[PDB]
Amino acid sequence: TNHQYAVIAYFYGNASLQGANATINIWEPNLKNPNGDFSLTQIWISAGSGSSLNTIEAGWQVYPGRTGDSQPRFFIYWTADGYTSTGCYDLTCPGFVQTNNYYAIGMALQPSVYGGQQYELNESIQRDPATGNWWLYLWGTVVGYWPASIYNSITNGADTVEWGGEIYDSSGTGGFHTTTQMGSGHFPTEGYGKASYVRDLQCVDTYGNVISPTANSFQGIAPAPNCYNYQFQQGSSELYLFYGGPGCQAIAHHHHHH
């Protein structure tokens, strides 16, 4: 509730996926109500549904009320009961174990420039079959793992992987009437350098083989298309998911009855 999305989903059918990748374009989207709003782009690696839902989450987030500033920051999240009483951001609760401190969890990232310099958050996650732990690698460098000890439905692998943007509307319009930007703050039709994207839309099967689904095998979700949208774009070497938008204007208030 009060969350809005522009994401794609890969439903595998059974909880057997042994990992996934996400190369996420980094931006510093503006927030209409920064004291409560957030804007992020991430991967969701999951198994189950309802209270049995288990997540492995990683990406960037502009959340001033949590991080202290408007910079996009590397964040992680997990849940083992579909967000009722388990899971937390970064290392705020026992769950994720950091083994390599080369990268800081929560590190401020360099935002991309509109029509200019493009930056990328390359994150790779893979389950270790000998333990059930899910390891995180940022730009090839190991960070740590989500232990199998905190999970139930995802202990043997994931059934669903999702990528894309999400905003959190603290104004209570449901994400339907807030100029809190998603991605770059521009609609995906703008393309490279102007609209944000997610590439390396890959996941791993039980045999360690990378699955790179085509646009045909992904389910697009964007319940507020006037505010935030998604768009596949075939690049020279791989499929791109463009996503985001400027948000929507407030509901017209032209009454002036005395």
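One-based numbering along the sequence shown.
- For the pair 194-202 and 214-222, the mean Cα B-factor is higher in 214-222.
- The PDB entry assigns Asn33 a C-alpha temperature factor belonging to the highest third of its chain's modelled residues.
- Among the modelled residues of its chain, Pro111 has a C-alpha B-factor that falls in the highest third according to the deposited record.
- Among all modelled residues in this chain, the alpha-carbon of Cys88 has a temperature factor (C-alpha) in the middle third.
- The PDB entry assigns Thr67 a C-alpha temperature factor belonging to the middle third of its chain's modelled residues.
- When the modelled residues of the chain are ordered by C-alpha B-factor, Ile154 sits in the highest third.
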